[PDB]
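Asks: missing the sequence, but the structure's below:
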Ligand SMILES: CC(=O)N[C@@H]1[C@@H](O)[C@H](O)[C@@H](CO)O[C@H]1O
Ligand SMILES: CC(=O)N[C@@H]1[C@@H](O)[C@H](O)[C@@H](CO)O[C@H]1O
């Protein structure tokens, strides 16, 4: 099994984001999202699956942060500028069907950042980036 | 918009279930799962969508409880004896393509119960079953 423990950092007082969806993809015997000490903990049955957290702010901004393991190496991606019909479960499935998402997963990134249309930065950084007990920061700008 | 507020009653000390996935379907401008006063709150953009909570117990038992609005009336369904590849997001999507799930949704039930292979009962009952501010108990046997 693989575990990814996620700590969320919010740095900008002009918004407040909160989790509104948490999904687990069906490969590698699935998995579970739970909470321990205010951290989001994804446990997966083996290498080859992932889970997505969707966040929403009062001002209408939203994004997904997806975490997984591909051929025993961690990966992550952020999708911003979400339309109302781009829920977390829609995005999570796309990592195994849609070319640009698949390629993001295949990059096996220990860190990734992107800006939305409003210019806000979002970053994931794995602070424990190897082995079966993985830890990442999600930093919202 | 439609809101469904869910209170979880665990009645049997021989197991302990906790939520491990919370998904939102893409129709009707999607929606959001949040928590207020230990209650799971689903808000949806209009009629025609739903959200799934998956629960897991440390003895290996699990189930999905899905809540939504179909043709302006609440619906619910429970799926248990889940295979490892039947995550919450898998089940949630099935309500919009798999005929038996579609039919369960279209029944617009305000009350439903079912047993798993171990003989445990699971029940959803809407205590406020009318209008746009809906309230349900999820009762674990
Ligand atoms: C601006 C933005 O969010 N771009 C995302 C990018 O971060 C992601 O790597 C890619 C593939 O999933 O999808 C894009 O929509
Ligand atoms: C034992 C069990 O979970 N049976 C479920 C039933 O409750 C549900 O109405 C139906 C359609 O979704 O799918 C079955 O697998």
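Replies: Done, it's in. Residues are numbered from 1 along each chain as shown, chains lettered A, B, ... in the order given. Ligands and ions are numbered 1, 2, ... in the order given.
Asks: is it true that residue A:104 touches residue A:75?
Replies: Yes. Using C-beta atoms under 8 Å, residue A:104 is in contact with residue A:75, at 7.5 Å. For the C-beta atoms, the positions are set from N, CA and C on the backbone; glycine is no exception.
Asks: Between the two, which is the more surrounded one?
Replies: Neighbour comparison, residue A:104 and residue A:75: the larger count goes to residue A:75, with 23 against 20 (by other C-beta atoms under 10 Å in any protein chain shown).
Asks: Go ahead and list the helix or strand containing that one.
Replies: Secondary-structure assignment from DSSP states H and E places residue A:75 in strand A:73-80.
Asks: Centre of the chain to the helix or strand that that strand is followed by, how far?
Replies: Next along the chain after strand A:73-80, taking DSSP H and E as the criterion, comes helix A:88-94. Helix A:88-94 sits 11 Å away from the centroid of its parent chain (C-alpha atoms, centre = their mean, to the nearest Å).
Asks: Show me what counts as buried in the helix or strand where residue A:18 lies.
Replies: Counting by DSSP H and E, the element that carries residue A:18 is strand A:17-24. Using 16 or more other C-beta atoms under 10 Å in any protein chain shown as the test for burial, strand A:17-24 gives A:17, A:19, A:20, A:21, A:22, A:23, A:24.
Asks: So which of the residues you listed reach chain B?
Replies: When contact is defined as C-beta under 8 Å from any C-beta of the partner chain, the buried residues of strand A:17-24 meet chain B at A:20, A:21, A:22, A:23, A:24.
Asks: can you redo the buried residues of strand A:17-24 as a markdown table with distance to ligand 1?
Replies: Output for these, formatted as a markdown table (distance: C-beta to the nearest ligand atom, whole Å):
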| residue | distance to ligand 1 |
| --- | --- |
| A:17 | 15 |
| A:19 | 18 |
| A:20 | 17 |
| A:21 | 17 |
| A:22 | 18 |
| A:23 | 15 |
| A:24 | 18 |
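Asks: residues contacting residue A:83?
Replies: Contacts of residue A:83 were listed using C-beta atoms under 8 Å, 6 or more residues apart in numbering or on different chains, and none were found.
Asks: With ligand 2 as the reference, measure out to it.
Replies: As judged by C-beta to the nearest ligand atom, to the nearest Å, residue A:83 and ligand 2 stand 28 Å apart.
Asks: where do the helices sit along chain A?
Replies: Using DSSP state H, the helices of chain A run over A:88-94, A:99-106.
Asks: which outside residues touch the shortest one?
Replies: Residues outside helix A:88-94 that contact it (C-beta under 8 Å, 6+ apart) are A:20-25, A:50-54, A:64, A:66, A:79, A:82, A:101, B:23-26, B:89, B:92-93.
Asks: Counting by contacts, list what the strand holding residue A:18 packs against.
Replies: strand A:2-10, strand A:31-36, strand A:39-44, strand A:50-57, helix A:88-94, strand B:17-24, strand B:31-36, helix B:88-94 (3 or more C-beta pairs under 8 Å, 6 or more residues apart in numbering or on different chains; DSSP states H and E).
Asks: Please state the offset of the first one from the chain centre?
Replies: A distance of 9 Å separates the centroid of the chain from that of strand A:2-10, by C-alpha atoms, centre = their mean.
Asks: Who does it pair with, and is each partner parallel or antiparallel?
Replies: Strand pairing for strand A:2-10, using DSSP bridges, gives strand A:39-44 (antiparallel), strand A:133-140 (parallel).
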